[PDB]
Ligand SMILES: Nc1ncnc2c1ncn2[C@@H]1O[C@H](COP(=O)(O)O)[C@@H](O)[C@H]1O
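First, one chain by itself: the form solved without ligand AMP, in structure tokens.
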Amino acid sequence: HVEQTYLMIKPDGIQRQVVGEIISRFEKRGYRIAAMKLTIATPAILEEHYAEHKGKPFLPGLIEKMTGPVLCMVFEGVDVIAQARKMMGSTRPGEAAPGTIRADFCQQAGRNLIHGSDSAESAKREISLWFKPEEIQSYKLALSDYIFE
């Protein structure tokens, strides 16, 4: 009854040195780290990640902002795809609810700290793009009996 979502800390999260705070927010709910890797995003991989936006006039500047260190992550939990989006908040930080990552940390959409999958189909596509199968780890949280009903 759990699912997995792809979450990626963008270069502003790395450079503002809030990686640990971001991870703690997801651990706090008992979400399980199933995969985690630091890499440097490149244009070719970002073009695939943002394939839906191919040709749009904002894409080159988006790719420029995203070319940098990122933390690739997979978290597992109940309804975690939708819940992670809720926790990140609106794309535009000024519209995001107090208590969300983007409202608490950010000002503008082009520097909004973190990416998360928007659907089950996107999560599968994004996890496959950024991770190899060996990098997804299967284990059980010891506090499961107190996290899940």
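Start at 1 with the first residue shown and count on from there.
Colleague: Averaging C-alpha B-factors over each stretch, which comes out higher, 57-65 or 25-33?
Modeller: Comparing averages over the C-alpha atoms only gives 57-65.
Colleague: So 104-112 or 47-55, which one's hotter by mean CA B-factor in the entry?
Modeller: Taking the mean C-alpha B-factor of 104-112 and of 47-55, the larger value falls to 47-55.
Colleague: Tell me which of 120, 88, 80, 38 tops the list for C-alpha B factor in the record.
Modeller: The C-alpha B-factor peaks, among 120, 88, 80, 38, at 120.
Colleague: Which third of the chain does residue 136 land in by C-alpha B-factor: lowest, middle or highest?
Modeller: Within its chain, residue 136 is a highest-third residue by C-alpha B-factor, going by the deposited values.
Not on display, but discussed next: the form solved in complex with ligand AMP.
Colleague: Exactly one residue in 120, 62, 82, 40 has a non-hydrogen atom within 4.5 Å of ligand AMP in the entry with it bound; which is it?
Modeller: Looking at the other structure, the residue within range turns out to be 62.
Colleague: So in the entry with it bound, does residue 114 come within 4.5 Å of ligand AMP, heavy atom to heavy atom?
Modeller: Taking the distances in the entry with it bound, the answer for residue 114 is yes, it comes within 4.5 Å of ligand AMP.
Colleague: Is residue 10 one of the residues lying within 4.5 Å of ligand AMP in the entry with it bound, judged by heavy atom distances?
Modeller: Flag for residue 10 set to yes.
Colleague: Using 4.5 Å between non-hydrogen atoms, is residue 49 touching ligand AMP in the entry with it bound?
Modeller: Taking the distances in the entry with it bound, the answer for residue 49 is yes, it comes within 4.5 Å of ligand AMP.
Colleague: Is there any non-hydrogen atom of residue 29 lying within 4.5 Å of ligand AMP in the entry with it bound?
Modeller: Although ligand AMP is absent here, residue 29 would stay clear of it in the entry with it bound, with no heavy atoms inside 4.5 Å.
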